[PDB]
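Report on one structure; see the data block that follows.
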Amino acid sequence: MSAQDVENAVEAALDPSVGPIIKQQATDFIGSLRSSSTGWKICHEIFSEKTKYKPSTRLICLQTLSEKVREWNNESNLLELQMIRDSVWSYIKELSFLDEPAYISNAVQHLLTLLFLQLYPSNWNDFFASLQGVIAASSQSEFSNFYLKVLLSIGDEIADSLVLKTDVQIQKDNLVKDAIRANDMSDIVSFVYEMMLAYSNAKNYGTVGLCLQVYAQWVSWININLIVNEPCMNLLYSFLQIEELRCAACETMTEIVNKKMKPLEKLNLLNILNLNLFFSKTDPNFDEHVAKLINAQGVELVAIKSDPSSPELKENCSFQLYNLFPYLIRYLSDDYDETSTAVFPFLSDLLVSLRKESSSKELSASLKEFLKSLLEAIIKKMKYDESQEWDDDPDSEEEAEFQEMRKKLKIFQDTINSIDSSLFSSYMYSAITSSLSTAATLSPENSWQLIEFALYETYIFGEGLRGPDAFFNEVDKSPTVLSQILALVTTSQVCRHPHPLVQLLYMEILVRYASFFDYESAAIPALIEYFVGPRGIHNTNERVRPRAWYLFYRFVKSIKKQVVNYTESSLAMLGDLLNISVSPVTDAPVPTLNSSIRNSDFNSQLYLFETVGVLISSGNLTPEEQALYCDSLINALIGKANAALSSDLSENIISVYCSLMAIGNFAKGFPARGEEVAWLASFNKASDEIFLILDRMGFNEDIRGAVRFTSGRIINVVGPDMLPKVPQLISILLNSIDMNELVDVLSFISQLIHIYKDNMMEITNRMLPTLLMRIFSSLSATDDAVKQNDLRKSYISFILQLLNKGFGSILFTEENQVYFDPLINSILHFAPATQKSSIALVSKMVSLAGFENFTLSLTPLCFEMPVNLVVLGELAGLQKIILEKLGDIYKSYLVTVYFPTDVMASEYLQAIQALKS
Ligand SMILES: [Ca+2]
Ligand SMILES: [Ca+2]
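Residues 1 to 281, 287 to 314, 317 to 593, 596 to 659, 662 to 685, 687 to 793, 798 to 847, 853 to 869, 877 to 896, 907 to 939, 944 to 953, 970 to 975 in the entry's author numbering are what the sequence shown spells out, letter by letter.
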């Protein structure tokens, strides 16, 4: 018995008392059934036989049959596919399988689906018609659901928006849909709605729900005319009042609302919904759903009003839109962030259309009332959670998402402040006012969220102001709302508040609007004691301490003049924070300078130094002390670097680098032009230890930077006397110079040439020799792409400066005369972007030995250009310039010499794309 063999195999596989080889036989048997060309035939019999065979078995038969069907062709295996269908369709009309294990229904669903996918359009024209004919006659709901889970299996194989597409799957799937649309779609939909209604009244939501499942799935490829009917709308909407059905009902309607129909058509459905919503004056997922529903409509109505076209429908549209306003709010102001965000699009799409419509800025009392209602909501939603604390956590806390929902909300505010500024101001002012006031009603422990709100709103309230017209008027001197706020804030006990977030914010507000204190200076003393407060620069919070430093600086920088009487004290307070304890950390198993510096608030601590510098240099502290203090900071960092480098084998690299960087930013703290000084003597004492510091261990590319960088802003202070010693740096620096640093040296001299244009020259001619010797070599040899690009562009630029800075003549000196020729030639060789610079260069040398020869030699470069757009112009630009300096011979040498080596030369000598074409 071919069947009995299958049953013994399967049964062998499930009996756990069977040996491994025996079981092997079975398993191997069952497996063959899928590959062999005879096997599947066996199964075609077994499966339809209920009383003799067990589900255990049939299932495996059904499974093998599917895999067979799935792999067959319509032409090669057509006869076969049909033999099966008839046997399955017969096994289905039976209606005896639903009473068996659910895996045999599901197993069948799958085959039926697969079978359908291959012969339905042409070979199985009565698929749907026959399935529906069965339901009306059997009256067994279990079958109605079967039929539905099928229309659902079919729909799964037919559409998707996934990226894994295939031109074949799309075309095959497209044909099935196209086939369903023209042949059975209209009845499927009619039959579905029918039982949906029926079962609906049967208070039998078990099926009514599968209908909704399908509806929403098939909505995409369902014919529009079939989905516009209202009775079906009125039906789905009624399900809303029902619990098991309402989530299905709401998701399905949203689907119908998104169906991309024509403007004239969408508005009719949207009215059925709109009307139904109007006359209907909780759970969370429901609300997330209803919200999505509303959001969907809203975004539709609004998208439609933009390209309007009747005159009536134009109205209708705006009316439906209006009636959704109470809902847009009712959900925007929801307690659950998820429900609120469900409506942001619509809100956004809407305020954008409103911004366009505020053409006359005439506000109707309804727009007014609406926009207020909207802010009530946008505001409520910007506040931290009153019943929920916050975390310092930077990577996995929900804050990032909160700060996002804030970033959006703020934009809404902006757009509303755009739509109407008075309304925003008045509102935002009250808003900030009360919260603060209310905050006064709460212990500091529960008052922060509220204060944090007000300080945030304040902070963003006025992010685009730059001049006096912002804080106070010009004639009346009446202060804008902004400052009334700032006055208030400044006069609050916000400073005394211990919550970090509030301190930070406060200090940010104080800095963003520092210019304000130039009008109302009173708070100055209180504000500085604050920045130097145990909440300011000494704040314990690992997240605010570093920020405060930056900020302190920024504040001290904007109110430099106002703090000259606070100089002594404040400096004293910064002593501890000027210390350095850099410890090295590291995803990668290894440490580095970068990883180490980041793991420490050094980049922020530099600002602290630069600030001491401002304090010392602008605090009218007598020069007798300002020399004492500056000397005390400089030698303190210097003495530490010396002590370390003076006793141990060369984590001091980091310590040197940073000690280097310290001095550098300390320099930045001081003024850039050096009328006598006392901080000048100290700076001289400074580079001796740096040269002491470079020559001892000046191997790291980083110290290279730090030290180079140090001169850049050190010699910027008292630059005249320093230009003389830079020569020694070029030597030590150019000795160990690598491909990457030779460029940073040109820039160093280049940026340097700008500062001391007149007096840098004599030391320049010394460098050019050692520099150019290094350059020609580096340009002639894992870093090829690196050096080439970096050296190509720096050599190009350095020559340019030297020419305009008036350094040419200096390069004719003894040391340069040996290189003049190659430097000039090499420019010719250099000759898109690079070519452009080189031609400007050759023009620089020209306009500003071998000079005449190089001039002629430029001539061939103009004809050599087309052998390969702006280059072409700058080319005939140098050529145009050529004539002027050489005059009468220049053209005379081109007529006699070049022309000879008749119409192009004619036209040319008179004044390329033509010569090229
Ligand atoms: Ca869902
Ligand atoms: Ca929230």
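In this text, a Cβ means the ideal position worked out from N, Cα and C, and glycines have one as well.
Query raised in the report: Taking C-alpha atoms, which residue in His545, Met412, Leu358 lies nearest to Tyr343?
Result: When only C-alpha atoms are compared, the closest one is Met412.
**Report entry** Close Cβ partners of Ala216 (< 6 Å) along its chain, the five nearest in sequence each way excluded
**Finding:** Cβ neighbours of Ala216 beyond the five flanking positions: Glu251, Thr252, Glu255.
Query raised in the report: Where the beta carbon is closer than 7 Å to any heavy atom of ligand 2, which residues qualify, in chain order?
Result: Applying a distance threshold of 7 Å between residue Cβ atoms and the heavy atoms of ligand 2 selects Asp344, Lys388, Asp392, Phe409, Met412, given in chain order.
Report task. Count the other CB atoms, across all protein chains shown, that sit within 10 Å of the CB of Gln410; report buried if there are 16 or more and exposed otherwise. Result -> Exposed, since its Cβ has fewer than 16 Cβ neighbours within 10 Å.
Query raised in the report: Touching or not, the stretch 764-780 and the stretch 813-833, by the rule of three or more beta carbon pairs under 8 Å?
Result: Taking a cut-off of 8 Å on C-beta distances, the stretch 764-780 touches the stretch 813-833, as three or more cross pairs fall below it.
Requested in this report: Check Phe479 in the structure and name its three-state DSSP category.
Outcome: In the structure shown, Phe479 falls within a strand segment according to DSSP collapsed to helix, strand and coil.
Query raised in the report: Do you know offhand how far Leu584's Cα is from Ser528's?
Result: Cα to Cα, the separation comes out at about 28 Å.
**Report entry** Helix, strand or coil at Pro486 according to DSSP, with G and I counted as helix
**Finding:** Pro486 falls in the strand class under three-state DSSP.
Query raised in the report: Heavy atom of ligand 1 less than 7 Å from the Cβ of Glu94, yes or no?
Result: Not so, every heavy atom of ligand 1 lies at least 7 Å from the Cβ.
Query - Any non-hydrogen atom of ligand 1 within 7 Å of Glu255 CB - result: Checking every heavy atom of ligand 1 against the Cβ of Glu255, none is found closer than 7 Å.
Query raised in the report: So, do the stretch 14-30 and the stretch 78-85 have three or more beta carbon pairs nearer to each other than 8 Å?
Result: Judged by Cβ distances under 8 Å, the stretch 14-30 makes no contact with the stretch 78-85, as fewer than three pairs qualify.
Requested in this report: Could you spell out where the alpha helix (DSSP H) holding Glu364 opens and where it closes?
Outcome: Element bounds for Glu364: 351-364.
Query raised in the report: Just the Cα atoms here: how many angstroms apart are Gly471 and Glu369?
Result: Cα to Cα, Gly471 sits roughly 25 Å from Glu369.
**Report entry** Any non-hydrogen atom of ligand 1 closer than 7 Å to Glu251 Cβ
**Finding:** For ligand 1, at least one heavy atom lies less than 7 Å from the Cβ of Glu251.
Query raised in the report: Thinking C-alpha only, which one of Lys809, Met772, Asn752 is nearest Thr798?
Result: Nearest C-alpha to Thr798: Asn752.
Query raised in the report: Mapping DSSP to helix, strand and coil, what is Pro938?
Result: DSSP places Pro938 in coil when its eight states are reduced to three.
Report task. Measure the alpha-carbon distance for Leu277 versus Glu265 and round it to whole angstroms. Result -> Taken atom to atom, the span from the alpha-carbon of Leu277 to that of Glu265 is near 19 Å.
Query raised in the report: Closest to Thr346 by CA distance: which of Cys324, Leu374, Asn300, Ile826 is it?
Result: Measuring from the Cα of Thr346, the nearest candidate turns out to be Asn300.
Query raised in the report: Starting from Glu11 and walking both ways along the alpha helix (DSSP H), at which residues does that stretch end?
Result: Under the DSSP assignment, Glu11 falls in the alpha helix (DSSP H) whose first and last residues are 2-14.
Requested in this report: Grab me the residues of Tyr557's own chain with a C-beta within less than 8 Å of its C-beta, minus the 5 sequence neighbours each way, in chain order.
Outcome: Contacts found: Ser613, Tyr616.
Requested in this report: With a threshold of 16 other CB atoms inside 10 Å of the CB of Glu619, please say whether the residue is buried or exposed.
Outcome: Result: buried.
Query raised in the report: Rounded to a whole number of angstroms, what is the C-alpha to C-alpha distance between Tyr205 and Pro101?
Result: So the alpha carbons of these two residues sit roughly 23 Å apart.
**Report entry** 4-residue-minimum alpha helix (DSSP H) runs that sit fully inside the stretch 198-265, ordered along the chain
**Finding:** You should have 205-218, 224-227, 230-239, 243-258.
Requested in this report: Excluding the 5 residues preceding and the 5 following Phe460 in the sequence, name in chain order all residues of the same chain whose CB lies nearer than 6 Å to its CB.
Outcome: Correct list, in chain order: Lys390, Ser442.
Requested in this report: With a floor of 4 residues, list each alpha helix (DSSP H) that falls wholly inside the stretch 119-179, ordered by position along the chain.
Outcome: Every alpha helix (DSSP H) stretch that sits fully inside the stretch 119-179 and reaches 4 residues is listed by chain position as 127-138, 141-158.
Query raised in the report: Pairing CB atoms from the stretch 148-168 with CB atoms from the stretch 83-102, are three or more of them under 8 Å?
Result: In this structure the stretch 148-168 does not touch the stretch 83-102; the number of beta carbon pairs closer than 8 Å is below three.
**Report entry** Whole-angstrom distance between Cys324 and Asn106, CA atom to CA atom
**Finding:** Going from the Cα of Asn106 to the Cα of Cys324 covers about 46 Å.
Query - Burial state of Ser605 (16 or more Cβ within 10 Å) - result: Buried, since its Cβ has 16 or more Cβ neighbours within 10 Å.
Query raised in the report: Considering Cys890, what are the terminal residues of the alpha helix (DSSP H) in which it resides?
Result: Going by DSSP, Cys890 is part of the alpha helix (DSSP H) stretching over 879-892.
Report task. Measuring alpha carbon to alpha carbon, tell me which of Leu489, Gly628, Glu831 ends up nearest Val571. Result -> Relative to the Cα of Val571, the nearest Cα in the group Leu489, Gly628, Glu831 belongs to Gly628.
Query raised in the report: Exposed or buried, which one is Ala9 when buried takes at least 16 other CB atoms within 10 Å?
Result: Looking at its Cβ environment, which holds 16 or more other Cβ atoms inside 10 Å, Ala9 is buried.
**Report entry** Rounded straight-line distance, which links the Cα of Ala693 to that of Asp398
**Finding:** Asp398 and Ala693: Cα-Cα distance of roughly 49 Å.
**Report entry** Inter-residue spacing [alpha-carbon to alpha-carbon] between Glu701 and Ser670
**Finding:** Those two C-alpha atoms are separated by around 12 Å.
Query raised in the report: What are the boundary residues of the alpha helix (DSSP H) that includes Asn777?
Result: Membership of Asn777 in the alpha helix (DSSP H) is indicated by the continuous run 773-790.
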